[PDB]
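The structure under discussion appears below in the form of structure tokens.
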Amino acid sequence: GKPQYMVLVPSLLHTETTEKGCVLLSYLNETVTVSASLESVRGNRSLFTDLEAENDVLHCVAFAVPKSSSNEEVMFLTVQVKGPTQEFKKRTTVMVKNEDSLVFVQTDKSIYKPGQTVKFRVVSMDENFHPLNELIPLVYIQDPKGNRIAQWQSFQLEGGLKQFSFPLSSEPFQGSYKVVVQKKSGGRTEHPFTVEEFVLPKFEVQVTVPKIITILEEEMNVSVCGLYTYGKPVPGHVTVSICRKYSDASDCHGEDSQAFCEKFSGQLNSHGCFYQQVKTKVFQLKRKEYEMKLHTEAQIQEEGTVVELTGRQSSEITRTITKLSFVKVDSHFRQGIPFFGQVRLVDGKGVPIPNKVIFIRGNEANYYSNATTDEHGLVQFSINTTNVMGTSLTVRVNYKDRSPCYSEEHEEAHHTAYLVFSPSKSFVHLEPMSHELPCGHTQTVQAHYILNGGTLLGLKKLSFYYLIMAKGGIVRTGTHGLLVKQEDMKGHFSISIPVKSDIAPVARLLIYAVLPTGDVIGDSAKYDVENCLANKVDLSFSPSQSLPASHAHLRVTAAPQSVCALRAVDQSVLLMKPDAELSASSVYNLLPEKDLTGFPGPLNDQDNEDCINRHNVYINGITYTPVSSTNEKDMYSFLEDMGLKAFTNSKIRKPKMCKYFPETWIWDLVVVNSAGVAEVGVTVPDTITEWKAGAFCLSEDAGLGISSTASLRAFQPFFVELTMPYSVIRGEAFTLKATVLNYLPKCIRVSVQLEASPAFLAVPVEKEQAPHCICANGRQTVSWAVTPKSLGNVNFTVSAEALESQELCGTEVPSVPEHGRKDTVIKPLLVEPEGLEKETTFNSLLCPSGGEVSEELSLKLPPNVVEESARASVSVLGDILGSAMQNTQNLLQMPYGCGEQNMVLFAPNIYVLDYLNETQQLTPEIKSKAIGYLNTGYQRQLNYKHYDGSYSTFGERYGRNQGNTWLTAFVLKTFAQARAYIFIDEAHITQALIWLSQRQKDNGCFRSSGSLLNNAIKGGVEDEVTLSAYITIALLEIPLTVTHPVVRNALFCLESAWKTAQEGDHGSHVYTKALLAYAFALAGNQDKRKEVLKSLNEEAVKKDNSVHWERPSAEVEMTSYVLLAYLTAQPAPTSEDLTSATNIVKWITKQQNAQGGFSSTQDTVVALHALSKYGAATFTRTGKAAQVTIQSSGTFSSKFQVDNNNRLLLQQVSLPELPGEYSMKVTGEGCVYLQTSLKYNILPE
Ligand SMILES: *[C@@H]1O[C@H](CO)[C@@H](O[C@@H]2O[C@H](CO)[C@@H](O[C@H]3O[C@H](CO)[C@@H](O)[C@H](O)[C@@H]3O)[C@H](O)[C@H]2NC(C)=O)[C@H](O)[C@H]1NC(C)=O
Ligand SMILES: *[C@@H]1O[C@H](CO)[C@@H](O[C@@H]2O[C@H](CO)[C@@H](O)[C@H](O)[C@H]2NC(C)=O)[C@H](O)[C@H]1NC(C)=O
Ligand SMILES: *[C@@H]1O[C@H](CO)[C@@H](O[C@@H]2O[C@H](CO)[C@@H](O)[C@H](O)[C@H]2NC(C)=O)[C@H](O)[C@H]1NC(C)=O
Ligand SMILES: *[C@@H]1O[C@H](CO)[C@@H](O[C@@H]2O[C@H](CO)[C@@H](O)[C@H](O)[C@H]2NC(C)=O)[C@H](O)[C@H]1NC(C)=O
Ligand SMILES: *[C@@H]1O[C@H](CO)[C@@H](O)[C@H](O)[C@H]1NC(C)=O
Ligand SMILES: *[C@@H]1O[C@H](CO)[C@@H](O)[C@H](O)[C@H]1NC(C)=O
Ligand SMILES: *[C@@H]1O[C@H](CO)[C@@H](O)[C@H](O)[C@H]1NC(C)=O
């Protein structure tokens, strides 16, 4: 028959990973060889790869491509054939992008105590989950503000798992922390963990309210169990509530934002938890509702009165009922072989309804069948295939459009099966599957086929091919031969495929059969697969062990000679805030490109080959230009949805014309000895609750696996627990609550005592110390009014034991059951100083600037400060402004719109570009992307001049004869700054200047004559003083001497207007005064600059060691301008200038928002310009060295080295001394910001 070649590769070639490839040869009368060459566009980088080919049977090849300098290069793949019979060449560009290798996170908990450390392991592995060694360049921890407490430079991952033991300071501030592991390929990956002060609770509430609820409902089930230790609910005054939230919940933030709830409360006996039946009258789902959130408080009364606000929102309203859903339906119906659709009836809740008659919209042949549901609500129906283009299948249950005002109907099932292009009237049917593929448990896949006079030369041997793709690449292959010498009809061809970890959550199967007529038939099928892992891991224990059962053998089974990580925490750790899952496809969703939906490359758009014309009418009757505008499903459908390139000699296309510290538990590393490893982890002598754990071992042979959560039921028949707050004031007294628990069946009496220490006082609240009647499943609760004396953390001790052989209340009196009789607990408690706490700040800036500066620490304490309440901290920052740095890069946006609109869009592009350039943090790729936006914005603005430069919204368009004044000054400023990047024609800004000079009366100074629709770009108040001061700084920022007449006449108005706003209303003109400050600063009028800046400082609003202004919307605008005023000095920006300048920068960074837009146009413009100038005046191109040494006049000094690569790091030290006997001398290059603060307490008044 006719020869044909067949080779297939995925069109998202990952750089480093060897991507598999398929070769296939069909009907050649000699052996030939084929070589695939990876040539590159516009550059030279080739990968010649000769892959062997067999004339009848296929095999697989692998080729690894070099790492690309560019991130996503779209380069060619040239598949070539050497052979005397034929020399075939097809070439398309597929993709190469450097794959960001997956990176995990750890850090056991997301709530940490102040004096608690973080262990922080991290795992980085590529698509094939056996890991690789990667040089991670940076990993650091960020505070709520944007500071980096710790930082690690470049390091290598020997095995792919590194622990980073970092301790916190004494009292790190507590809003929320987060950790960033920035991969060497740019885009960082983050993970937070909040820090706060607390006391860990034990009881978990699990209210089982139906998450699924009908729109027609009456009864609400709920049960409230608390298994704080082992399932011993110790029923207390538990209260729950069902809170339906109204539509637009809390969208109206005026005088009312509350939602109506339905509270419930009660107790329990021993085992039944809480059985509350809730009616449905205000459980109104008729209209205006989103979801019932539920918050519960399981107060315990038989112990300390600690309450835990616990909100479980596991309840949602379902708008629909009787949900109908296709589960196993062919998107590929085929003329000749009928298809059967598996449609499923199920309630809107999720329970199928058996024996319900259903009507089916078969829009093909009017196939209306009254099928009824089975026990699973799942029917069967086949539709014969005699139609034109494509069948639409839909289901019927109700027809009803009911009373609703304008929400209550039953959701229907829609599907659009499309025909497969059968050129030789032939096609292969492949059975789809809906159930999740079991792992290990394999599965055979049924298939069907048809010939219709195709196999003329093909006879007695028809191999039947398949290529499973997973993770966006070819994974499994196979073949099977068919014995046919006939005109063979449909057949049953179950094909077997095992299911190992090498299958992604998606499993895609393609089957194509080679035919001697050239044309080939195929069928694709997606398969959802449970995410399984090559290393099945199990966690073993010596469970139900006592708290002092020290040995506590921890056995873990994993792949032979692997590396295992073992995290062990408390159950409360997962209770107070659920931590990262790190399990059950936690890696799989982070996997980039889990499937290839289409040709993944956005640049990979189209293909064009063998386009026929055929624009002629043919055989009549109803020719209608012979064929339907094919929405048909040919092989590009089966291979693009597959996601790979078809390098075929076959014709395929559509023709297509034109007790000790718990705090944690086992966190270590263990190595499998080719059979599995046990670890002897000493269990903590504290009995609090279950200890969940993790196990995510890695190996080079078998990939990563994740085992399970498995606990240690650390329980004692007799123990105590302490109910405390996290801290308490020294001057005040709290009441310690301590309960003593008995659960061994013997009925006993406990004597409870507190061993007092001179660090505190403790007095029982009860007059009598006689032991009370405590028995099985019963507890006593004693108290102590406790006031501490010693500062810092002090650990208490409470001793409870059963008094031996005292015939008492209990009918039987076996007081001491076991060797364990005394229960001595040791638990710390934070002790904060008394009085009102005040913190001052001594923030400052120093620049050695190729030399040396100095500063003396003036630290004094008022006499009313209590003893040892002063905590002095000095922080060395560097501060290249890493806070408002990353979000700024996303202000580079596309220019469009009117003249006014374009300035919203074009202007920020240039100042963000200048900011990134000043901070030395800008990549050439983003610079090239942004320069295009700059040019487009500029050359779209050039289409709005009326004349020499007078702009407006419409401009010369529509024959408008008018002109805006302020907008022209704004564009003059922007182009003046542009001259340094794209060298905007100075003739244009010159013409704009000569037009602005037209608006110049004697001393009136630029009355506005402009009309504009919006005013958000604005921010001057149109007052002649305000506009004059802005336009002067605009047309003087461009290098323009003060002797020039326009600025000379503007400065007279400035001097008169500043006096007039000084003699008149004090304040009320702070924005104008800041503009005057910047104008005088940039015009060299220092003798007036000092006076204006001191007036502003008198009018300033200083809050949290950061100075701000505001009108007594655009409040940030004047802050940036006064920052310029303090920064722009003719001789040099003095140290005193910069020290006050930083106090405005901090809020300018914190004003950022989504994509760092700074909430406005003009504000973003001015703030980015301000930050750029600050960076220019602060940083150093050659700042490769520095030195900061703070010398005490007492005992010890401190030293620091903050160079450019460490300039982000907030190096912080605390020097204990109340007097200011401290001094800093800073030498070397660069600039060093030093913020110093002390916290102290003053009780009296
Ligand atoms: C983007 O890069 C810079 C900001 O990150 C800045 O250009 C820099 O400005 C300095 C200061 O004048 C210049 O350094 C050179 O200045 C003159 C040039 O003849 C000479 O004394 C020395 O050769 C000195 O190196 C440079 O022009 C430049 N420095 C750099 C890039 O290290 C501008 O914001 C932007 N510059 C460009 C070219 O786009
Ligand atoms: C079989 O061997 C013959 C030997 O002559 C070759 O026939 C060539 O077939 C191709 C079609 O694929 C034609 O383009 C050439 O013109 C043929 N050769 C000549 C000399 O005419 C070829 O090696 C093999 N052909 C087939 C169809 O398998
Ligand atoms: C559609 O249903 C009809 C019978 O219900 C069948 O179609 C017949 O097909 C034969 C030959 O294939 C023709 O001679 C008849 O004229 C057809 N009858 C009708 C009513 O179309 C067949 O069972 C179904 N069609 C297919 C392709 O399976
Ligand atoms: C906690 O109490 C103990 C004594 O009651 C002191 O520190 C402990 O001393 C024992 C003595 O062997 C050690 O085994 C423990 O490890 C110590 N505790 C810690 C946390 O290390 C001390 O009075 C208290 N500790 C603190 C930090 O307040
Ligand atoms: C590609 O062509 C350039 C052209 O000068 C040559 O320098 C280079 O060595 C060639 N090979 C590679 C791998 O770049
Ligand atoms: C919900 O409460 C009703 C009220 O009696 C009861 O019949 C039903 O069994 C309860 N549901 C469950 C799951 O127990
Ligand atoms: C069900 O079959 C057809 C399809 O709707 C309908 O005409 C008929 O009346 C129904 N009942 C029976 C007994 O066929």
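Note that chain A carries Swiss-Prot numbering, so the residues on display, from first to last, are 27-432, 438-689, 733-1186, 1203-1335.
Cβ coordinates come from backbone N, Cα and C, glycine included.
Features reported for this protein in Swiss-Prot:
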type	residues	note
DISULFID	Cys48-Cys86	disulfide bond
CARBOHYD	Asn55	N-linked glycosylation site
CARBOHYD	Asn70	N-linked glycosylation site
CARBOHYD	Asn247	N-linked glycosylation site
DISULFID	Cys251-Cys299	disulfide bond
DISULFID	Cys269-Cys287	disulfide bond
CARBOHYD	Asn396	N-linked glycosylation site
CARBOHYD	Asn410	N-linked glycosylation site
DISULFID	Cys470-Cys563	disulfide bond
DISULFID	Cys595-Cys771	disulfide bond
DISULFID	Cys642-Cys689	disulfide bond
DISULFID	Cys821-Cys849	disulfide bond
DISULFID	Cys847-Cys883	disulfide bond
CARBOHYD	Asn869	N-linked glycosylation site
DISULFID	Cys921-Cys1321	disulfide bond
CARBOHYD	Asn991	N-linked glycosylation site
DISULFID	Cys1079-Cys1127	disulfide bond
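Features recorded in Swiss-Prot, as mapped to the structure shown.
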residue : record         : Cβ neighbours (10 Å)
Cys86   : disulfide bond : 14
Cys251  : disulfide bond : 18
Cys269  : disulfide bond : 18
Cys642  : disulfide bond : 11
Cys771  : disulfide bond : 28
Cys821  : disulfide bond : 19
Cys847  : disulfide bond : 13
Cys921  : disulfide bond : 21
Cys1127 : disulfide bond : 21
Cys1321 : disulfide bond : 28
Spatial separation of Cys299 (disulfide bond) from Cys689 (disulfide bond) - C-alpha basis, Å: 73
Distance, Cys1079 (disulfide bond) to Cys821 (disulfide bond) (CA atoms, angstrom): 96
Rounded inter-Cα distance in Å - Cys771 (disulfide bond), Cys269 (disulfide bond): 43
Inter-residue Cα distance where the pair is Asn247 (N-linked glycosylation site) and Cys299 (disulfide bond), in Å: 13
Candidate with sparsest Cβ neighbourhood (10 Å radius) among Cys48, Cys563, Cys689, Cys1079, the listed disulfide-bonded residues: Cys689
Residue among disulfide-bonded residues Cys287, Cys470, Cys849, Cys883 with least C-beta crowding, 10 angstrom cut-off: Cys883
Close-lying recorded positions around ligand 5 among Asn70, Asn247, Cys269, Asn410, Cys563, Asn991, where CB distance stays under 6 Å: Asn70
Entries of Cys595, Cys847, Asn869, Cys1079, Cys1321 (recorded positions) sitting next to ligand 4, with Cβ under 6 Å as the cut-off: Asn869
Among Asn410, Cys642, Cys689, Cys771, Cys847, the recorded positions whose C-beta sits under 6 Å from ligand 3: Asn410
CB within-chain contacts under 8 A for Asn869 (N-linked glycosylation site), separation at least 6: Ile900, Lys901, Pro902, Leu903
In sequence order, those recorded positions of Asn247, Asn396, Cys821, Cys883 whose CB lies under 6 Å from ligand 7: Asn396
Of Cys48, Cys563, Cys847, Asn869, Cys883, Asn991, recorded positions neighbouring ligand 1, Cβ under 6 A: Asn991
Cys1321 (disulfide bond): secondary structure state under DSSP, collapsed to three categories: coil
